[PDB]
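Note on naming: letters A, B, ... go to the chains in the order of the sequence lines (proteins, then strands), and numbering restarts at 1 for each one. Hydrogens, waters and symmetry mates are skipped; everything else that's a heavy atom, side chains included, is used.
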There are 2 protein chains.
Amino acid sequence: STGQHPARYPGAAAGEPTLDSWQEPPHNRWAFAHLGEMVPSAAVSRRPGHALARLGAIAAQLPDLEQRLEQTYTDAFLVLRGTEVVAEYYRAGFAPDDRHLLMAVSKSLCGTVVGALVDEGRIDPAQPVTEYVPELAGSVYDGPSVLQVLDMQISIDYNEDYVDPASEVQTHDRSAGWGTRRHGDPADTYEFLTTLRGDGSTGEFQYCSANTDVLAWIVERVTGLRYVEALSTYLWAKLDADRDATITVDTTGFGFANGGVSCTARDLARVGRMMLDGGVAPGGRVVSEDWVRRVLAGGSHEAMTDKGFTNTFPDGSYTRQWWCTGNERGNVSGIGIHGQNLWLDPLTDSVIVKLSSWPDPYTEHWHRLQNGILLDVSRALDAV
Amino acid sequence: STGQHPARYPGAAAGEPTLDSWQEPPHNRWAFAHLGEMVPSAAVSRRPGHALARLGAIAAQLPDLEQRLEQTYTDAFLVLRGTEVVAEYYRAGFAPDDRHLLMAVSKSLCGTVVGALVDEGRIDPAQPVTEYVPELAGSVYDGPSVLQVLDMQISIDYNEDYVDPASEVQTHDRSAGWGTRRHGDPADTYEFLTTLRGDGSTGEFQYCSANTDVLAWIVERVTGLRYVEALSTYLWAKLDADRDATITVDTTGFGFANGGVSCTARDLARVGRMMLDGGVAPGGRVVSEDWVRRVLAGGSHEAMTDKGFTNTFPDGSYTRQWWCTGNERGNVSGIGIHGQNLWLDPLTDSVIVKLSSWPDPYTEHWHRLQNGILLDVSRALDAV
Ligand SMILES: NCCCCCC(=O)O
Ligand SMILES: NCCCCCC(=O)O
């Protein structure tokens with residue numbers, strides 16, 4: 001039992017509707033207006049082939065930038081300096097207003113929602129996860145504080161070998177609908193989370209996507225809103241975005257908070273703009289000045305033992321669902337597999353969005369190239 | 001074997017990607033930009049409770065109209081007289097720009113695409129289905145002409161008892177992803193179609209959703225385009241619609257042509273406007289004047305033996321995926337279960353869109369009420 005969860009619609013029974021009941025009353029009134037949430041669906045374009053390159057100014061400083069973007073399988077690239085879009089690139093076949101999967105950049109958005117609730121006093125990061133999700137008692141999340149989830153400083157037995165279907169990484173995906181269910185798999189994401197275990201130690205960084213989903217679960221218990229709605233109410237609806245964002249949902253309607261959000265490059269930049277504006281967005285304050293300051297300040301360096309990160313960023317750290325480089329520019333970034341970045345360059349008051357599709361989720365090679373681009377573009381924005 | 005089908009993306013292998021391979025190259029470049037086509041997804045609103053009733057003029061003639069709409073579980077209602085929206089209604093919780101499942105009104109859209117191709121000389125309705133889809137040899141579609149599919153005049157052993165999972169109606173849904181697959185079910189919609197059989201007789205009307213999917217299959221074989229794209233290229237992209245429409249897709253990416261399209265009420269009205277404009281839309285001619293004329297003229301009355309239709313419309317018929325009332329007003333309508341109608345009233349040059357969610361897919365009761373409303377509103381538009 002995973003306890004109470006936000007109903008898919010007002011008055012809906014637990015877990016309703018399912019793929020086999022959405023056509024029945026009372027579910028159908030809701031389902032007929034949100035079928036994409038139940039069945040895979042394609043867009044039928046209202047509009048009746050070549051890459052779009054508008055690298056503007058930085059072009060002179062970075063002559064081979066377009067080629068570098070192509071080399072890193074770039075789908076969408078956008079640089080926002082202050083409130084102005086100063087550079088843009090979209091591969092052939094990807095429109096400027098098309099949406100792109102964010103993978104783990106989604107985590108930084110979730111952390112933002114949590115931050116909003118902390119500001120409201122609805123969530124106390126010092127409290128144990130079980131204070132908000134009692135059903136996580138008996139799991140690896142029994143004992144750790146919400147802040148430890150936010151900073152991913154919980155030791156968890158989590159097999160990351162996606163080649164092995166028995167791995168936690170693969171099981172997590174199947175439990176959420178990202179892959180075909182296998183006999184024995186948990187019914188939904190909530191159930192999957194309760195199956196996680198660890199030695200009980202905390203304090204050391206361990207990147208684990210399950211942590212973000214636990215944060216989303218906490219968000220639901222504290223607000224009573226489906227994570228999908230909370231993500232809109234506390235963040236998306238305040239950005240004055242061009243388009244809605246989307247998020248994959250599991251069989252209960254629970255959004256895949258750790259990596260299932262998709263949005264346009266320009267809209268993602270609005271999240272970065274909000275961060276560089278002390279937590280304020282066009283529709284109102286999203287998070288407190290303090291929350292933003294803590295994100296830019298970074299997490300405990302000693303907790304960060306991931307060489308994949310520290311080899312490039314020796315003084316790097318992680319906090320509140322954001323990667324902190326700890327470099328001379330104080331760069332902080334949301335990061336997602338296959339080349340997704342919501343990169344903040346406070347020095348130039350700029351945001352760099354890079355959405356890609358590397359053939360591999362992660363390799364030292366791709367990261368070296370990707371970071372080289374983000375750093376070069378950041379430096380190209382410096383006053384000279 | 002169901003033969004060649006349009007690749008999900010340029011160069012894609014047959015059936016790729018699947019729910020278990022979309023994250024892999026080369027599929028991921030496409031998948032990351034169209035994840036909703038693979039995994040159920042929810043919209044994260046960019047916008048931060050009460051019914052909207054703007055029945056304008058017809059209000060005076062139909063004082064209790066709003067109540068009548070509520071009684072028939074109306075979600076969206078819109079009347080377009082000429083090029084002007086003269087009446088609108090949206091239930092509480094449904095925004096004017098929200099999309100709604102069209103159910104079988106989707107069939108009329110498919111027939112329109114077929115008509116466009118007939119006008120181009122790419123499809124000859126007199127030709128046997130097997131001329132375009134040879135793989136349907138050995139099935140109930142081996143022998144009948146494309147026109148017989150268009151007019152649904154093929155006898156098919158098709159169990160319509162949805163309560164029975166073994167029924168063709170239920171199996172059709174599961175094969176397309178509208179329901180959870182059961183061991184033994186066809187892998188996709190194409191395969192399901194090839195399993196259909198009949199006594200070989202033709203000429204009498206038999207409403208069967210499988211017919212529309214065969215039409216979509218023909219569309220794909222003749223154009224080489226995924227039905228999703230053909231629906232946009234030959235119809236949607238020429239309407240100057242406010243929003244994209246959406247269509248559910250099965251595991252191969254094949255759109256559920258018979259009933260999976262969703263769109264706004266106002267945009268659906270643009271389809272009716274095109275029909276009343278002799279087949280021309282803002283973006284160009286969609287179908288020929290002759291095609292539209294044949295739709296308004298109706299099909300063979302003798303073929304129409306469905307009492308559920310003739311008890312209300314004695315001189316009714318069906319042709320090219322449209323229901324023809326044969327009444328004194330010459331009303332013709334796209335119809336879908338649970339109360340969906342794309343109703344044409346040529347006399348007043350008006351289109352009536354009614355999207356609903358009746359608790360039941362079909363009952364004499366709901367239809368009596370629904371038709372009473374459509375007829376009363378049509379008459380209220382008459383010059384006096
Ligand atoms: N859990 C499935 C993949 C989620 C994305 C993870 C990441 O981008 O680091
Ligand atoms: N084949 C699943 C239902 C399709 C809708 C049918 C109809 O509206 O008549």
Side-chain angles (χ1 to χ4, degrees), chain A residues 18-20 23 25-26 28-29 31-48 73 75 94 98-101 177-180 226 228 231-233 236-249 253 255 260-263 267 283 338 355 357 359-361, chain B residues 18-20 23 25-26 28-29 31-48 73 75 94 98-101 177-180 226 228 231-233 236-249 253 255 260-263 267 283 338 355 357 359-361:
Chain A
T18 66
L19 185 58
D20 300 297
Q23 300 182 65
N28 59 22
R29 303 215 76 189
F32 292 179
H34 307 78
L35 194 55
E37 281 199 45
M38 305 305 298
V39 186
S41 304
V44 177
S45 188
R46 65 185 180 67
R47 300 172 183 173
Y73 290 79
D75 300 317
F94 190 92
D98 279 340
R99 291 188 286 237
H100 191 291
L101 176 59
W178 268 35
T180 300
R226 295 176 62 199
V228 172
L231 180 59
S232 169
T233 299
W236 212 256
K238 301 184 177 185
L239 302 174
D240 185 30
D242 296 313
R243 307 189 64 189
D244 288 344
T246 64
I247 187 172
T248 64
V249 294
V261 178
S262 294
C263 69
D267 283 342
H338 297 279
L355 300 175
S357 35
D360 313 288
Chain B
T18 66
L19 185 58
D20 300 297
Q23 300 182 65
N28 59 22
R29 303 215 76 189
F32 292 179
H34 307 78
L35 194 55
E37 281 199 45
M38 305 305 298
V39 186
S41 304
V44 177
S45 188
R46 65 185 180 67
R47 300 172 183 173
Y73 290 79
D75 300 317
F94 190 92
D98 279 340
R99 291 188 286 237
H100 191 291
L101 176 59
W178 268 35
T180 300
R226 295 176 62 199
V228 172
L231 180 59
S232 169
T233 299
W236 212 256
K238 301 184 177 185
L239 302 174
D240 185 30
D242 296 313
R243 307 189 64 189
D244 288 344
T246 64
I247 187 172
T248 64
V249 294
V261 178
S262 294
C263 69
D267 283 342
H338 297 279
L355 300 175
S357 35
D360 313 288

Subject >> Most chain A-contacting option - heavy-atom pairs closer than 4.5 Å, from B:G255, B:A42, B:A33 >> reply: B:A42

Original post:
Looking at B:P361, B:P359, B:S262, B:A245, which one has more heavy-atom pairs under 4.5 Å with chain A than the rest?
Top reply: B:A245

**OP:** Heavy-atom pairs under 4.5 Å with chain A are the metric here; pick the option from B:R46, B:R226, B:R47, B:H100 that has the most.
**Re:** B:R46

Original post:
Side chain, backbone, both or neither: which part of B:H34 has an atom under 4.5 Å from a heavy atom of chain A?
Top reply: neither

Original post:
Is a donor on one side and an acceptor on the other found under 3.5 Å between the side chain of A:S41 and the backbone of A:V39?
Top reply: yes

**OP:** Counting only heavy atoms closer than 4.5 Å, note whether B:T233 contacts chain A via side chain, backbone, both or neither.
**Re:** neither

Original post:
Which residue out of B:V261, B:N28, B:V228, B:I247 racks up the most heavy-atom pairs below 4.5 Å with chain A?
Top reply: B:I247

**OP:** Can you measure from CZ (B:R99) to CG (B:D267) and round to the nearest 0.5 angstrom?
**Re:** 9.5 Å

Original post:
In chain order, what residues pass the salt bridge (charged side-chain N to carboxylate O under 4.0 Å, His left out) check against A:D98, with sequence neighbours excluded?
Top reply: none

Original post:
Heavy-atom distance under 4.5 Å to chain A: side chain of B:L239, backbone, both or neither?
Top reply: neither

**OP:** Examine whether an atom of B:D242 lies under 4.5 Å from a heavy atom of chain A, and if so say whether it belongs to the side chain, the backbone or both; otherwise answer neither.
**Re:** backbone

**OP:** Can you tell which part of B:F32 gets under 4.5 Å to a heavy atom of chain A, answering side chain, backbone, both or neither?
**Re:** both

**OP:** Check the side chains of B:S357 and A:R29 for a donor-acceptor pair under 3.5 angstrom, ignoring hydrogens and angles.
**Re:** yes

Original post:
How long is the gap from CG on B:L355 to NE2 on B:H338, to the nearest 0.5 Å?
Top reply: 13.5 Å

Subject >> Close side-chain approach of A:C263 and A:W236, heavy atoms under 4.5 Å >> reply: yes

**OP:** Go through A:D360, A:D75, A:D240, A:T246 and name the one with the most non-hydrogen pairs under 4.5 angstrom from chain B.
**Re:** A:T246

Original post:
Most heavy-atom pairs under 4.5 angstrom with chain B, which of A:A241, A:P25, A:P40, A:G36?
Top reply: A:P40

Original post:
With sequence neighbours left out, what residues match B:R243 under salt bridge (charged side-chain N to carboxylate O under 4.0 Å, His left out)?
Top reply: none

Original post:
If you count heavy-atom pairs under 4.5 Å between each of A:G260, A:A31, A:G177, A:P26 and chain B, which one has the most?
Top reply: A:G177

Original post:
Quick one: of B:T18, B:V44, B:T248, B:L101, who has the most non-hydrogen atom pairs under 4.5 Å with chain A?
Top reply: B:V44

